[PDB]
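Participant: Encoded as C-alpha cells, here's the structure I'll be asking about.
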Amino acid sequence: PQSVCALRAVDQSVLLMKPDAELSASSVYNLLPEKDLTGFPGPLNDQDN
Amino acid sequence: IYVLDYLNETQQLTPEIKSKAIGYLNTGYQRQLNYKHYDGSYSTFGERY
Ligand SMILES: *[C@@H]1O[C@H](CO)[C@@H](O[C@@H]2O[C@H](CO)[C@@H](O[C@@H]3O[C@H](CO)[C@@H](O)[C@H](O)[C@@H]3O)[C@H](O)[C@H]2NC(C)=O)[C@H](O)[C@H]1NC(C)=O
C-alpha cells in the first residue's frame, strides 16, 4: 500500500528485434551471493577433537 | 634474527654482514613456506605429501 514503482512501456519492434537484459525474479536470485550455504568456505578448515 | 638484534643493540655490526644474512633470511623464510600446510599449520615435510 505504500510503495514505489518502475514503469516501462516500449514498442516491441526494437525489442522483438533484440531482447531486453535478463529480467525476472530469478535474475535477482542468481545475482545473489551464496544462493546456498553448503560446505564451509575454504580458509576455515574444521574443528578437530 | 635474535642475533641480528644483538649486532643492532650491542652496536657491533655493518651493513654488509647485515645485508649478508638478509639474503639468508628471505630464503629460509621462503624455503619454509614449501614445508608447511594449507591450513596455515606447518610440518616437517608437508607439501608433496
Ligand atoms: C635496532 O635498530 C634500530 C634502528 O635505528 C635502533 O635504533 C632505534 O631506532 C628507533 C626508531 O624508531 C629509535 O626511536 C627514535 O625515537 C625518537 C624519539 O621519539 C625519535 O626522535 C626518532 O626518530 C626515533 O623514532 C630508537 O631510539 C633507536 N634506539 C633505541 C630504540 O633506543 C634500535 O636501537 C634497535 N632496536 C630494535 C629496533 O630492535
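A note on labels: chains of the C-alpha cells are A, B, ... as shown, every chain counts residues from 1, and ligands are counted from 1 in their shown order.
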Using only C-alpha atoms, find which residues of chain B lie within 10 Å of chain A and jot them down as number ranges by chain.
Facilitator: B: 38-40
Participant: Could the residues in this selection be written to a file with N, CA, C and O atoms, as a short mmCIF file (atom, residue, chain, number, x, y, z; two decimals), in the first residue's frame?
Facilitator:
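Output (part24.cif):
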data_model
loop_
_atom_site.label_atom_id
_atom_site.label_comp_id
_atom_site.auth_asym_id
_atom_site.auth_seq_id
_atom_site.Cartn_x
_atom_site.Cartn_y
_atom_site.Cartn_z
N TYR B 38 48.39 -26.09 4.05
CA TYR B 38 47.42 -25.12 3.56
C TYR B 38 46.49 -24.63 4.65
O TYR B 38 45.80 -23.62 4.46
N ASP B 39 46.42 -25.33 5.78
CA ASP B 39 45.67 -24.81 6.91
C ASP B 39 46.37 -23.65 7.59
O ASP B 39 45.82 -23.09 8.53
N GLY B 40 47.58 -23.32 7.15
CA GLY B 40 48.44 -22.40 7.84
C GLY B 40 49.38 -23.10 8.77
O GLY B 40 50.46 -22.57 9.06
#
Participant: Within 10 Å of ligand 1 (counting only C-alpha atoms and all ligand atoms), which residues show up? I'd like them as a list in words.
Facilitator: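 If we count only C-alpha atoms and all ligand atoms, the neighbours of ligand 1 turn out to be residues 2, 4, 5, 6, 7, 8, 9, 10 and 11 of chain B.
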Participant: Among chain B, which ones does DSSP assign to helix (DSSP H, G or I) (computed from the backbone)? Answer as a list in words.
Facilitator: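 Taking chain B and keeping helix (DSSP H, G or I) gives residues 4, 5, 6, 7, 8, 9, 10, 15, 16, 17, 18, 19, 20, 21, 22, 23, 24, 25, 26, 27, 28, 29, 30, 31 and 32 of chain B.
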Participant: Residues within 7 Å of residue 37 of chain B, please, as an MDAnalysis selection string. Count only C-alpha atoms; anything in the same chain fewer than 5 positions from it doesn't count.
Facilitator: chainID B and resid 42:43 46:47
Participant: Go ahead and write the residues just picked, C-alpha atoms, as a short mmCIF file (atom, residue, chain, number, x, y, z; two decimals), in the first residue's frame.
Facilitator:
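Final output, saved to selection13.cif:
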data_model
loop_
_atom_site.label_atom_id
_atom_site.label_comp_id
_atom_site.auth_asym_id
_atom_site.auth_seq_id
_atom_site.Cartn_x
_atom_site.Cartn_y
_atom_site.Cartn_z
CA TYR B 42 53.46 -26.16 9.48
CA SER B 43 55.00 -29.60 9.13
CA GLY B 46 54.34 -31.26 4.42
CA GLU B 47 53.90 -30.46 0.74
#
